[PDB]
Amino acid sequence: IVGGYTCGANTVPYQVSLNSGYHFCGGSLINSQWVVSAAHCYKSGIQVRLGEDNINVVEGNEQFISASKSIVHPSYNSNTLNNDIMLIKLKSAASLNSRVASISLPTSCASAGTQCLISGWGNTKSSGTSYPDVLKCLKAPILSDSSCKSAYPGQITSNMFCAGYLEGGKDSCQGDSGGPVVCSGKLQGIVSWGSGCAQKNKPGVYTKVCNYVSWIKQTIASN
Ligand SMILES: [Ca+2]
């Protein structure tokens, strides 16, 4: 997250870190057994880390649980990033508490102008690299689909939305991928892609979760 703020420990209780020896992507806890992330974060050998603040220090609220199964969306296209969503099932159920909590799925799509919370452990610089140990946060609005499409000609599908600031300076970045965009208590986006990070006229692009609720619910119901 570039241009954000330190969230505070366990203030984003649905935020998970996906670990394969190191943090590599975020995700969102949606029930005691399932995490939502980006399909482009897929890899084998994932350990889901819940209850994290400092990802390099055991602070006392963590739950580390191996993934038993990952399900990339049927229609994920890695070249365009269309349908950039996956589900990860945990080998054992998380113990839900005030610091480890699921986030609700949307019932309707969000609208341009709604202010959302974006979070992660990704790069905090837009020229240069610095990776934080503690969780970072950014409050940002959803942008209109017309401004999103004009920012990224030929690239924005109906399964994507833009959020952030056209003036630059505030955005998600490398290492935030797969993490949450939460608006009014609902998971509306997944950190997906962008041109660089925090660049003028280049807002963040996010997977449009509301399009996937049916798939998510049916997948959980049979897996
Ligand atoms: Ca920790």
# chains A, B, ... in the order shown; residues from 1 in each chain; ligands from 1
>>> residues_near_ligand(ligand="ligand 1", cutoff="8 Å", atoms="only C-alpha atoms and all ligand atoms", output="PyMOL selection string")
chain A and resi 51-62
>>> select_by_dssp(residues="range 39-73 of chain A", states="strand (DSSP E or B)", output="list in words")
residues 47, 48, 49, 50, 63, 64, 65, 66, 67, 68, 69, 70, 71 and 72 of chain A
>>> write_last_selection(atoms="N, CA and C atoms", output="PDB file, in the first residue's frame")
ATOM      1  N   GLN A  47       0.290 -21.825   3.158  1.00  0.00           N
ATOM      2  CA  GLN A  47      -0.164 -21.733   4.530  1.00  0.00           C
ATOM      3  C   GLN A  47      -0.894 -20.408   4.694  1.00  0.00           C
ATOM      4  N   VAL A  48      -2.118 -20.458   5.179  1.00  0.00           N
ATOM      5  CA  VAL A  48      -2.889 -19.260   5.447  1.00  0.00           C
ATOM      6  C   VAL A  48      -2.552 -18.798   6.858  1.00  0.00           C
ATOM      7  N   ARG A  49      -2.226 -17.501   6.969  1.00  0.00           N
ATOM      8  CA  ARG A  49      -1.884 -16.908   8.253  1.00  0.00           C
ATOM      9  C   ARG A  49      -2.925 -15.861   8.613  1.00  0.00           C
ATOM     10  N   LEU A  50      -3.722 -16.196   9.610  1.00  0.00           N
ATOM     11  CA  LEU A  50      -4.797 -15.379  10.161  1.00  0.00           C
ATOM     12  C   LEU A  50      -4.283 -14.636  11.400  1.00  0.00           C
ATOM     13  N   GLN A  63      -3.206 -17.490  13.804  1.00  0.00           N
ATOM     14  CA  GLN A  63      -3.558 -18.893  13.516  1.00  0.00           C
ATOM     15  C   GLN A  63      -2.939 -19.222  12.173  1.00  0.00           C
ATOM     16  N   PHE A  64      -2.100 -20.228  12.117  1.00  0.00           N
ATOM     17  CA  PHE A  64      -1.463 -20.687  10.884  1.00  0.00           C
ATOM     18  C   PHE A  64      -2.138 -22.002  10.483  1.00  0.00           C
ATOM     19  N   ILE A  65      -2.744 -22.056   9.312  1.00  0.00           N
ATOM     20  CA  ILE A  65      -3.497 -23.227   8.863  1.00  0.00           C
ATOM     21  C   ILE A  65      -3.161 -23.487   7.418  1.00  0.00           C
ATOM     22  N   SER A  66      -2.714 -24.711   7.105  1.00  0.00           N
ATOM     23  CA  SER A  66      -2.445 -25.081   5.745  1.00  0.00           C
ATOM     24  C   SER A  66      -3.696 -25.081   4.888  1.00  0.00           C
ATOM     25  N   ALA A  67      -3.502 -24.748   3.605  1.00  0.00           N
ATOM     26  CA  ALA A  67      -4.599 -24.953   2.661  1.00  0.00           C
ATOM     27  C   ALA A  67      -4.720 -26.448   2.320  1.00  0.00           C
ATOM     28  N   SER A  68      -5.955 -26.937   2.238  1.00  0.00           N
ATOM     29  CA  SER A  68      -6.228 -28.265   1.731  1.00  0.00           C
ATOM     30  C   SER A  68      -6.563 -28.293   0.253  1.00  0.00           C
ATOM     31  N   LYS A  69      -7.056 -27.217  -0.276  1.00  0.00           N
ATOM     32  CA  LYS A  69      -7.532 -27.186  -1.684  1.00  0.00           C
ATOM     33  C   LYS A  69      -7.528 -25.743  -2.122  1.00  0.00           C
ATOM     34  N   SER A  70      -7.188 -25.478  -3.357  1.00  0.00           N
ATOM     35  CA  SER A  70      -7.368 -24.126  -3.920  1.00  0.00           C
ATOM     36  C   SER A  70      -8.149 -24.356  -5.206  1.00  0.00           C
ATOM     37  N   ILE A  71      -9.054 -23.450  -5.511  1.00  0.00           N
ATOM     38  CA  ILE A  71      -9.932 -23.463  -6.677  1.00  0.00           C
ATOM     39  C   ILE A  71      -9.818 -22.108  -7.366  1.00  0.00           C
ATOM     40  N   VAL A  72      -9.066 -22.081  -8.457  1.00  0.00           N
ATOM     41  CA  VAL A  72      -9.024 -20.930  -9.350  1.00  0.00           C
ATOM     42  C   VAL A  72     -10.343 -20.853 -10.114  1.00  0.00           C
TER      43      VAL A  72
END
>>> closest_residue(among="A:2, A:221, A:208, A:33", to="residue 92 in chain A", atoms="only C-alpha atoms")
A:33
>>> select_by_dssp(residues="chain A", states="helix (DSSP H, G or I)", output="PDB file with C-alpha atoms, in the first residue's frame")
ATOM      1  CA  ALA A  39      -6.237 -16.294  -9.021  1.00  0.00           C
ATOM      2  CA  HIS A  40      -2.903 -14.794 -10.015  1.00  0.00           C
ATOM      3  CA  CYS A  41      -1.775 -15.616  -6.449  1.00  0.00           C
ATOM      4  CA  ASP A 145     -16.436   2.590 -14.999  1.00  0.00           C
ATOM      5  CA  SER A 146     -16.083   5.255 -17.649  1.00  0.00           C
ATOM      6  CA  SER A 147     -13.042   6.769 -15.904  1.00  0.00           C
ATOM      7  CA  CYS A 148     -11.646   3.283 -15.327  1.00  0.00           C
ATOM      8  CA  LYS A 149     -12.002   2.321 -18.996  1.00  0.00           C
ATOM      9  CA  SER A 150     -10.515   5.629 -20.101  1.00  0.00           C
ATOM     10  CA  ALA A 151      -7.524   5.087 -17.799  1.00  0.00           C
ATOM     11  CA  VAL A 209     -16.563  -9.618  -6.176  1.00  0.00           C
ATOM     12  CA  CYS A 210     -20.307  -9.073  -6.497  1.00  0.00           C
ATOM     13  CA  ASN A 211     -20.210 -10.873  -9.850  1.00  0.00           C
ATOM     14  CA  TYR A 212     -18.859 -14.012  -8.155  1.00  0.00           C
ATOM     15  CA  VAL A 213     -21.120 -14.455  -5.108  1.00  0.00           C
ATOM     16  CA  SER A 214     -23.171 -17.178  -6.750  1.00  0.00           C
ATOM     17  CA  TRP A 215     -20.025 -19.111  -7.704  1.00  0.00           C
ATOM     18  CA  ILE A 216     -18.507 -18.615  -4.264  1.00  0.00           C
ATOM     19  CA  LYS A 217     -21.610 -19.857  -2.454  1.00  0.00           C
ATOM     20  CA  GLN A 218     -22.132 -22.879  -4.671  1.00  0.00           C
ATOM     21  CA  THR A 219     -18.451 -23.807  -4.546  1.00  0.00           C
ATOM     22  CA  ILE A 220     -18.389 -23.674  -0.755  1.00  0.00           C
ATOM     23  CA  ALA A 221     -21.644 -25.686  -0.595  1.00  0.00           C
TER      24      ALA A 221
END
>>> residues_around(residues="residue 189 in chain A", least_positions_apart="4", cutoff="7 Å", atoms="only C-alpha atoms", output="list in words")
residues 180, 181, 182, 206, 207, 208 and 209 of chain A
>>> atom_distance(atom1="CA of residue 198 in chain A", atom2="CA of residue 3 in chain A")
8.1 Å
>>> residues_around(residues="range 5-9 of chain A", least_positions_apart="2", cutoff="6 Å", atoms="only C-alpha atoms", output="PDB file with N, CA, C and O atoms, in the first residue's frame")
ATOM      1  N   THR A  11      -6.975  -4.831  13.526  1.00  0.00           N
ATOM      2  CA  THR A  11      -8.115  -3.962  13.244  1.00  0.00           C
ATOM      3  C   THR A  11      -8.821  -4.333  11.926  1.00  0.00           C
ATOM      4  O   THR A  11      -9.897  -3.783  11.649  1.00  0.00           O
ATOM      5  N   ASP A  53      -0.507  -9.174  12.455  1.00  0.00           N
ATOM      6  CA  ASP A  53      -0.144  -7.776  12.277  1.00  0.00           C
ATOM      7  C   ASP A  53       1.259  -7.740  11.713  1.00  0.00           C
ATOM      8  O   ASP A  53       1.443  -7.642  10.499  1.00  0.00           O
ATOM      9  N   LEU A 135       0.587  -4.376   9.025  1.00  0.00           N
ATOM     10  CA  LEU A 135      -0.444  -4.216   8.008  1.00  0.00           C
ATOM     11  C   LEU A 135      -0.697  -2.740   7.739  1.00  0.00           C
ATOM     12  O   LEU A 135      -0.828  -1.927   8.653  1.00  0.00           O
ATOM     13  N   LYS A 136      -0.804  -2.395   6.460  1.00  0.00           N
ATOM     14  CA  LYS A 136      -1.108  -1.054   6.005  1.00  0.00           C
ATOM     15  C   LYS A 136      -2.507  -1.001   5.381  1.00  0.00           C
ATOM     16  O   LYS A 136      -2.996  -1.994   4.827  1.00  0.00           O
ATOM     17  N   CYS A 137      -3.089   0.173   5.453  1.00  0.00           N
ATOM     18  CA  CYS A 137      -4.474   0.461   5.101  1.00  0.00           C
ATOM     19  C   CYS A 137      -4.531   1.700   4.223  1.00  0.00           C
ATOM     20  O   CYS A 137      -3.737   2.620   4.387  1.00  0.00           O
TER      21      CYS A 137
END
